[PDB]
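Asks: got a sequence here, can you model it:
(2 chains)
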Amino acid sequence: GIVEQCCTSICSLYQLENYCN
Amino acid sequence: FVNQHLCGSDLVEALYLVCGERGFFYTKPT
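Replies: Numbers count the residues shown, from 1 in each chain, chains lettered A, B, ... in the order given. The coordinates are given below.
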């Protein structure tokens, strides 16, 4: 999930594209 | 940025800058 991807892990802003509608 | 972490309001801000006015959602935090 997004919190384990980007908050408690380091995320690429590119991975945020998966959450757009 | 080797050490980027986005939590709370920062995560909402970053989603909005990437997605524009398409909107965005996530089904579960984890």
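Asks: kindly report the residues of chain B close to chain A.
Replies: B:2-8, B:11, B:14-15, B:18-20, B:22-30 (CB under 8 Å from any CB of the partner chain). Every residue, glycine included, has its C-beta placed from N, CA and C.
Asks: one more time with 7 Å
Replies: For chain B, the contact set with chain A under CB under 7 Å from any CB of the partner chain comprises B:3-7, B:11, B:14-15, B:18-19, B:22-26, B:28-30.
Asks: just the buried residues of the residues you listed.
Replies: Among the residues of chain B next to chain A, those buried by neighbour count (16 or more other CB atoms under 10 Å in any protein chain shown) are B:6, B:11, B:14, B:15, B:18, B:19, B:24.
Asks: and residue B:22, what does it touch?
Replies: Residue B:22 sits next to A:20, A:21 when contact means CB atoms under 7 Å, 6 or more residues apart in numbering or on different chains.
Asks: quick one: which of the residues of chain B next to chain A sit in helices?
Replies: B:11, B:14, B:15, B:18, B:19 (DSSP state H).
Asks: please report the distance of the nearest residue to residue A:21 once chain neighbours are set aside from residue B:12.
Replies: Excluding its sequence neighbours, the residue lying closest to residue A:21 (CB to CB, 6 or more residues apart in numbering or on different chains) is residue B:23, at 4.6 Å. Counting by CB to CB, to the nearest Å, the separation of residue B:23 from residue B:12 is 12 Å.
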